[PDB]
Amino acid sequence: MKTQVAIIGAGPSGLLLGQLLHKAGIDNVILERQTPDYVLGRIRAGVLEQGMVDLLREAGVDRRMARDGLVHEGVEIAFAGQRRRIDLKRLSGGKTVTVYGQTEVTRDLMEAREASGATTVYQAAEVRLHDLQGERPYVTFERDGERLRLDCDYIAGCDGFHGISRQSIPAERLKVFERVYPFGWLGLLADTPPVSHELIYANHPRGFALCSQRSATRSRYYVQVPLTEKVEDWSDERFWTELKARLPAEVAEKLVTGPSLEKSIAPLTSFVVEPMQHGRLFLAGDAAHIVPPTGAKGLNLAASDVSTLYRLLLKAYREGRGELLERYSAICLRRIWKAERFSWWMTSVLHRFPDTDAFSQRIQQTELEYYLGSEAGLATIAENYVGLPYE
């Protein structure tokens, strides 16, 4: 079989890229290792930037989002017995963020792709990339025991952190920057109304806690935990008790608890690879970088990578300007490093780090007091949170 753009991965990056290209008349095939069900089971993201919201509209998949998404104008940070609200809207110059589950976005894209008739191969096993530096690269995979070959012009590696694409680039061509945090986030999804109409990030002596939501009757909560913890050691009962201990009293008493629909631990890490391309292979999303969830940037960076790749591919196909593709990495990395810096900052001021001396603890506390008390300080948080401009 042959196509123009082969896409490895049917997570949000691959689906979004596939939809945008399909609409512009550029044929693409998506190869996914898992089943549609497995992909739909991943909870993940809840916060979307306006740029991503606009990209969904451009891809014509925003109906359900416009109806069901919750536009947030502010966010709250609680520390040392204080609760400070950051008016994102006022401080960023009118921008806001939208709360809409990653599961929902993925479902919308999958339904749109299914309807268009564009090619998608689930359970595509043993994907291998070939002749990346040639003019005719190809992808081989197994479907029901038989090895098939897919010829194409370009390959978009949208296969996440553990994908085959980043592994297909000669190791000596890549420079990796990585940082592993000494903690993870234990998350719990409950069919209960959220404790607040806005998100609450809490810095507490026992560790970080976050009150988020999915809708008016579905909440998502997180608590920082050591990497040595096992989810089976955390009953719903223990989670609720611990969550309450980390929140302000007035917030903790209005908390409606309930059984969990989902519970899991996500370890925190930062990861960046430079460059993000090799010959005809271009990496996008988690395949090229990981950000700790504290700043809500992961999916949102996947969106800007895809927006950039789609626009460069359009010029290559429609305008015959293939030279512009060499610029992909430089353009993406500028935004990636700034989002990484913000996600790192947020993580360092909201979490409890093991083996922290007295000086560092005081500085951490003073960072919050200063940034949340100064108009200039609040503005740096707000502009980064709503998301920096796309290039």
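For every residue, the number given is its place in the sequence shown, counted from 1.
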**OP:** Check the entry's C-alpha temperature factors for 139 to 147 and 264 to 272, then say which stretch has the higher mean.
**Re:** 139 to 147
Subject >> Given 280 to 288 and 174 to 182, the range whose Cα B-factors average higher in the PDB entry >> reply: 174 to 182
**OP:** Name the residue from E340, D37, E32, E49 with the greatest C-alpha temperature factor listed in the entry.
**Re:** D37
Original post:
Based on the PDB record, which member of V386, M1, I8, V5 exhibits the highest Cα temperature factor?
Top reply: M1
**OP:** Tell me, lowest, middle or highest third: where does the Cα B factor of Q365 rank within its chain?
**Re:** lowest
Original post:
By its CA B factor, does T241 count among the lowest, middle or highest third of the modelled residues in the chain?
Top reply: middle
Original post:
Split the chain's modelled residues into thirds by Cα B-factor; is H197 in the lowest, middle or highest one?
Top reply: highest
Original post:
Can you tell me which third, lowest, middle or highest, the CA B-factor of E104 falls into for its chain?
Top reply: middle
Subject >> Ranked against its chain, the third holding the CA B-factor of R335 >> reply: lowest
